[PDB]
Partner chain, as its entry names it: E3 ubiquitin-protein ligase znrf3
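Okay, here we've got a single chain as structure tokens, the form deposited without its partner chain, with questions on binding and movement later.
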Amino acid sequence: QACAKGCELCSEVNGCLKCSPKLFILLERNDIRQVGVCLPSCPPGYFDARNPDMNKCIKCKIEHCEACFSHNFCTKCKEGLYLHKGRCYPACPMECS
């Protein structure tokens, strides 16, 4: 008992579905069935979404994006860039040096 270590909610087929709140679920949609792992931190280019119940790694390979709510779609760009449909756009508010 009870699931892969660190896993709270566990499926015989898809593996972990909800990690304990310490950890971050990574859901690698690997061909073809989906499999979850529980990680202490997310892999490169994943944003780590924290929530009171749970944490999750969300793919966020968006240049100059600070956060993604859902897979590769930015919900907050770095200061001075403009966010439009999940992407980040310069310019660039005194002057722009």
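Residue numbers count along the first chain shown, from 1.
The protein also exists as the form solved in complex with its partner chain; that form is not presented, and the subsequent description refers to it.
For the chain shown alone, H64 is not a contact residue for its partner chain in the entry with it bound, no non-hydrogen atom being within 4.5 angstroms. A residue is said to contact a partner when one of its heavy atoms sits within 4.5 Å of a partner heavy atom; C88 fails this definition for its partner chain in the entry with it bound, lying far away. Among residues of the shown chain, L17 is one whose heavy atoms approach its partner chain to within 4.5 Å in the entry with it bound.
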